[PDB]
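In PDB author numbering, the protein residues as written are 3 to 147, 153 to 199, 206 to 245. Virtual Cβ for every residue (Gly too), placed ideally from N, Cα, C. As structure tokens, the structure follows; a few thoughts come after it.
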């Protein structure tokens, strides 16, 4: 009983006029938010998720602001008007726990800032994926057992097997095998390990691509990595 839910979540700061900071490294703050919304609406689910070994079947992007404005050599940027982030899952109990957790509370605390839940926008999922160009919303992490660049070719077989491992976890059983990624742009960004912002075209089985679109490409999805969108 999987299907994709994808949300855009807009937050406004406590006073509509002022500049709110966003730390450049805010994965961990965002992750507290999401895990606290779910733990609040559904503690049994959040204990299942805390235990489960493997992908958790959900991801979310970086926290972004309307306009931006970047100081020099400061740990944060400045944002204005609205703060927002996307979240995606193929587990309907996780999507419900997250939105209700944000409803059961609408006053949100991120890093040093006070925000109020403004809107949740639900997003239509593309009919098909074979052939589209994708842009990462949060960066993709690949590690092998170190960091695996997209310019190395293990990058791709590691991604491919993980999407097959998610496909076995969340569409029944034995996974499609046609897969290809054509990276158009790669830029690294490092956090504690390196992750990659990618523009990329992807080819091959639609249900295996849909997997990656719903739950993230690569690793640490549940820590906010590998969320993609169809390029505009």
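Cβ-based neighbour list, residue i, same chain, cut-off 6 Å, excluding 5 preceding and 5 following
i           : result
residue 138 : 210, 211, 241
residue 31  : 112, 113
residue 69  : 82
residue 42  : 103, 106
residue 121 : 12
Residue nearest to residue i in terms of C-alpha spacing, selected from the options
i           : options            : result
residue 101 : 157, 10, 25        : 10
residue 200 : 126, 127, 110, 43  : The gap in the chain between 199 and 206 takes in residue 200, so it carries no coordinates here.
residue 46  : 239, 77, 99        : 99
residue 172 : 36, 21, 224, 28    : 224
residue 8   : 124, 216, 234, 208 : 124
residue 245 : 218, 213, 234      : 213
residue 96  : 232, 227, 231      : 227
residue 40  : 94, 147, 170, 14   : 94
Bridge-paired residues (DSSP) for residue i
i           : result
residue 245 : Beta-bridge pairing links residue 245 to no other residue.
residue 194 : 210
residue 146 : Beta-bridge pairing links residue 146 to no other residue.
residue 201 : Residue 201 falls within a stretch that is absent from the model, since the chain runs 199 to 206 with no residues between.
residue 149 : Gap note for the chain: numbering proceeds from 147 to 153 with nothing in between, so residue 149 has no coordinates.
residue 217 : 186
residue 26  : Its beta-bridge partners do not exist; DSSP assigns none.
residue 7   : 91
residue 122 : 11
residue 135 : 214
residue 111 : 116
residue 66  : 86
Own chain residues within Cβ distance below 7 Å of residue i, not counting five before or after
i           : result
residue 33  : 236, 237
residue 196 : 141, 208, 210
Own chain partners of residue i with C-beta closer than 8 Å, once the 5 adjacent residues on each side are dropped
i           : result
residue 79  : 23, 24, 26, 67, 70, 71, 72, 73
residue 158 : 193
**OP:** Check whether the stretch 186-194 touches the stretch 58-77, taking contact to mean three or more Cβ pairs, one atom from each stretch, closer than 8 Å.
**Re:** Short answer: they don't touch.
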